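Asker: Any chance you can model this:
(one chain, ligands or ions: 4)
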Amino acid sequence: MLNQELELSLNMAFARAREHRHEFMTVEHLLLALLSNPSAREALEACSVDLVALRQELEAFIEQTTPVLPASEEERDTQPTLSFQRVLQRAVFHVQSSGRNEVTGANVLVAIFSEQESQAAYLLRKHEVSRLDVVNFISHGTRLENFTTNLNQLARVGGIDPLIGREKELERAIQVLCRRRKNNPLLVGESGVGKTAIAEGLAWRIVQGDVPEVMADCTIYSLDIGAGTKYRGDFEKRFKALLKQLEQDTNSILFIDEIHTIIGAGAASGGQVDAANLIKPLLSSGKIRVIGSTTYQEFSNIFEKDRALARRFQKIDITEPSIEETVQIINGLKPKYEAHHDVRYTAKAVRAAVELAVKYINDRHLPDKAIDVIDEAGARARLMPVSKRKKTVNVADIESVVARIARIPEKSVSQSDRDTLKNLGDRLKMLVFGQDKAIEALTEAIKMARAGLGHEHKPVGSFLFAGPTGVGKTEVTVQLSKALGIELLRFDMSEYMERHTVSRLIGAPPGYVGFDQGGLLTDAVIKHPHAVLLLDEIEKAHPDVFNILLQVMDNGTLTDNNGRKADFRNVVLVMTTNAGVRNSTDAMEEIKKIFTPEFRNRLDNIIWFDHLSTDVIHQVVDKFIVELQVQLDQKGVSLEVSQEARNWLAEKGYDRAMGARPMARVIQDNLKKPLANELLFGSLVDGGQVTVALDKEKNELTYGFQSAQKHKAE
Ligand SMILES: Nc1ncnc2c1ncn2[C@@H]1O[C@H](COP(=O)(O)OP(=O)(O)O)[C@@H](O)[C@H]1O
Ligand SMILES: Nc1ncnc2c1ncn2[C@@H]1O[C@H](COP(=O)(O)OP(=O)(O)O)[C@@H](O)[C@H]1O
Ligand SMILES: [Mg+2]
Ligand SMILES: [Mg+2]
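Answerer: Numbering: from 1, shown residues only. Ligands and ions are numbered 1, 2, ... in the order given. Have a look at this structure:
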């Protein structure tokens, strides 16, 4: 009773149903099958139907609504719906009654129209295909500039990707826009949640006539945004001309995506908020409606408490879609992604994209991150030259995709990083002396973190460098940053005490915590994610800084503005202290008294620094002499410093209270200054020799000079 062609179309659609593993074969599956069927295809072509725009829509509906049965043991195979059988019987009854031999696809197509409540019938009516057109086919023949504006125009073609679900939110927006006062919807939600999607989706509903009667003549023009808009062009005169052009007496809605840029954040010149607040009630011969978009926090403080327009807008909470609602969203977009990637995603991969992104991609939200994993996974197939189809198993693909987004970044094996880290303790020991323990405890902690051992939610290392003044605490961290090849961010905590400096001259506390949070600390760590953060004199810092520090050491993040701006994941935090000296006896309790157990227990290590021995002080002196020798040897000048003069430099360049802090000046005043004259207009111009000695019963340095081409004669 049925054609060979139609019987094939049925079998091929039955085939797709036990591969996608559908429990139901529906009327929508039937129309989908009919797109392959020559008679139904020619009928639809006759009415000027874009087969693809119908293809994508049927496919999207089918995947969102058909139950999936890959579970276990219990009896399930594809079962046609009562409705599906009803359409075929309607087609056979009509054909037999018409005097025709067999049922063709075009006859089944006529039978679908009679399923009054079906989606298949609904789509045929949307594509403007009437039942009469198929009957007659069978019988006879045996304003703004340039950005992403005018969403109504983008909807009539195919620029806007479809909006799935969210009826309550659109309904609420339409109702808000329909009010007499406070007519302006304000979509509030996290990034990726689907705010732009709702605005764009509204423009489609206006075109489709699914927003009737008084909102038919509406057009949604989208403005340009995305935190302060004034570069060049004078914002005040272009906007005034725009709002007036939007007003000739029309029902024009203006979508301002990321509305916190113009208003709330505080601009430089006028116009901005001041001009947008103007047209909201009645300050002309007309009125405009605005759809805004912002995040939870930027609505909370900068919009509602600071107040720029808050009351005139109606807030609509746009929540993150749940797992199953996101599965429906992905299922509704899946066919267009599959067409583009030439690949098929299994229902298990779809659920996995959603569920794995929820668990592991915490920095992002719902639809957005799940859609990016799905797009990324399909693109990934191309890299295997062809694009390997994907049978019934894709979870593993999704797992690699999610793993790459969620984590990974680190090179650390058999060479470059290996040699540096294996010699880090030796490289530092050749610049900082008498503190082998400190260096060893520090490098042990770096290597450990570099081996992938440690936490991902915490800094590379959090250390408390404790010890006396001038023993190598600052020098070690400066060198640590030079040996690791990373930036050095330095902050003095004595400049971050809240109100201690006044009677002198300096005084600036509206910042401090505001200096660190608002800008400085956050800005520096965003600019240089891989760095060593040195905080001098940590004991002098205000408790607000300590809470901020307690968060860094726990969360690995710090928040000034959202999207989790400051990332301390790749930072070596170093805090130096002069607190409990290793006029105080120290063996235990001293450092413990000054810093709370809560702050101390978040440290990776309290790295202790000892006093400098007599031998160490001499090594420091030699280091200064060798640096000078390096400079002098290049100019053909040889510097020799005697033992007695080395003892004299050691004596003068080391205070027990100040450490080796006075050494640089002592070396400068006694070894560098006395050679300037001779190197410029004396015996050392063409090279030579300097001998520095000591005159004992005088305790002052002796300076001998000798010159020559090289060392010719004496
Ligand atoms: N309900 C939806 N149906 C289909 N796609 C959606 C839906 N909601 C969001 N998306 C998609 O997810 C992404 C995030 O949506 P978007 O509107 O940009 O979120 P937001 O504007 O809040 O940052 C966009 O690619 C959008 O196409
Ligand atoms: N342990 C040391 N090894 C090598 N040089 C040192 C040592 N200690 C102090 N110096 C010299 O004296 C200066 C002061 O040391 P620094 O690390 O700044 O002191 P602090 O431990 O108080 O932070 C250094 O810049 C360095 O020139
Ligand atoms: Mg200081
Ligand atoms: Mg110090």
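
Asker: If you count neighbours, what's buried in the helix or strand where residue 153 lies?
Answerer: Here residue 153 is covered by helix 151-156, with elements defined by DSSP states H and E. By neighbour count with 16 or more other CB atoms under 10 Å, helix 151-156 contains the buried residues 151-152, 154-155. For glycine as for every other residue, the C-beta is placed from the backbone atoms N, C-alpha and C.

Asker: how about the CA coordinates for that helix, as PDB?
Answerer: Extracted as PDB, the C-alpha positions of helix 151-156 are listed here (Å, rounded to 0.1, in the frame of the first residue of the first chain):
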ATOM      1  CA  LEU A 151      18.300  42.400  16.100                       C
ATOM      2  CA  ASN A 152      15.000  42.400  14.300                       C
ATOM      3  CA  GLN A 153      16.900  42.500  11.000                       C
ATOM      4  CA  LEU A 154      19.200  39.800  12.200                       C
ATOM      5  CA  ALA A 155      16.300  37.600  13.100                       C
ATOM      6  CA  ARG A 156      14.500  37.800   9.700                       C
END
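
Asker: For the closest residue in space to residue 427 that isn't next to it in sequence, grab the count of nearby residues.
Answerer: Excluding its sequence neighbours, the residue lying closest to residue 427 (CB to CB, 6 or more residues apart in numbering) is residue 483, at 5.3 Å. Residue neighbour count, defined by other CB atoms under 10 Å, stands at 18 for residue 483.

Asker: returning to that earlier point: how distant is the helix or strand that the helix holding residue 153 is followed by from the center of its chain?
Answerer: Scanning forward in sequence from helix 151-156, with DSSP H and E defining helices and strands, the next element found is helix 167-177. Distance of helix 167-177 from the chain centroid (CA atoms, centre = their mean, to the nearest Å) equals 30 Å.

Asker: near ligand 1 at all, helix 167-177?
Answerer: No: counting by CB under 6 Å from any ligand atom, ligand 1 has no neighbours in helix 167-177; the shortest distance is 8.9 Å.

Asker: Would you mark the buried spots in that helix?
Answerer: Residues 169-170, 172-174, 176-177 are the ones in helix 167-177 that count as buried (16+ other CB under 10 Å).

Asker: quick one: which of those is nearest to residue 565?
Answerer: Taking CB to CB as the measure, residue 169 is the one of the buried residues of helix 167-177 closest to residue 565, at 28.5 Å.

Asker: So the residue nearest to residue 427 is in contact with residue 420, correct?
Answerer: Yes: if you go by CB atoms under 8 Å, residue 483 and residue 420 touch, sitting 6.9 Å apart.

Asker: Mind listing the shared neighbours of these two?
Answerer: Both residue 483 and residue 420 are contacted by residue 427, under the criterion CB atoms under 8 Å, 6 or more residues apart in numbering.

Asker: what about the spatially closest residue to residue 112 that is not a sequence neighbour, neighbour count?
Answerer: The shortest distance from residue 112 to any residue other than its chain neighbours is 5.2 Å, reached at residue 120 (CB to CB, 6+ apart). When counting by other CB under 10 Å, one arrives at 25 neighbours for residue 120.

Asker: Residue 511 too?
Answerer: By the other CB under 10 Å criterion, the neighbourhood of residue 511 contains 13 residues.

Asker: residues contacting it?
Answerer: With CB under 8 Å, 6+ apart as the criterion, the residues that contact residue 511 are residue 518.

Asker: Okay, and residue 111 sits in which element?
Answerer: Of the helices and strands defined by DSSP H and E, residue 111 is found in helix 105-112.

Asker: which strands and helices sit next to that helix?
Answerer: Where contact means 3 or more CB pairs under 8 Å, 6 or more residues apart in numbering; DSSP states H and E, helix 105-112 is packed against helix 4-17, helix 27-34, helix 38-46, helix 82-98, helix 119-126, helix 131-139.
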